[PDB]
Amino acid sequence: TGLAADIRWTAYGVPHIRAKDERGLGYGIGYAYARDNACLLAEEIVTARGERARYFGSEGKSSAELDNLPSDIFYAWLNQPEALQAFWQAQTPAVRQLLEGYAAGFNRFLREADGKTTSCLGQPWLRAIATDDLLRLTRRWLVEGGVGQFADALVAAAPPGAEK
């Protein structure tokens, strides 16, 4: 509990979320977003977790057009457990609550989904999300102006052998 939201949708499916605190606010956002975009978020979380090769094999690419395996190596490196924990520890109570509510709201939609607006119902990668998954997405976006632009370059960096 603390998880309560009022949602109004206007034309074009634009949600207007009202709550008494950040936890309720997140609850509404995550639920509304899942109704429209559950499959997208699920896919991008697989990417940010470094599990693309696990679900899709080495031949495919992410939506950023990176090969699955190099993408996975990069995100496994970026989103190590120690890095996620330090990031979480640095978050204010308000932000922690927004994220907590968001994860609960998304998962609530997933429990109830019957395929009406969800094309990937039944896929193993469509699953309950955690606040750590939201952190993975945040950090992915955070480094888009930096090391994320060198993902392939980082994966390619190996010391020389005995060459001339």
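We number the residues from 1 along the sequence you see.
If you average the C-alpha B-factors over 155 to 163 and over 3 to 11, the higher value belongs to 155 to 163. Across the two stretches, 53 to 61 and 95 to 103, the PDB entry reports the greater mean Cα temperature factor for 53 to 61. The entry assigns its greatest Cα B factor, within the set 113, 29, 134, 46, to 113. Per-chain ranking of the deposited C-alpha B factor places residue 23 in the highest third. Sort the modelled residues of the chain by CA B factor and residue 37 lands in the lowest third. When the modelled residues of the chain are ordered by C-alpha B-factor, residue 138 sits in the lowest third.
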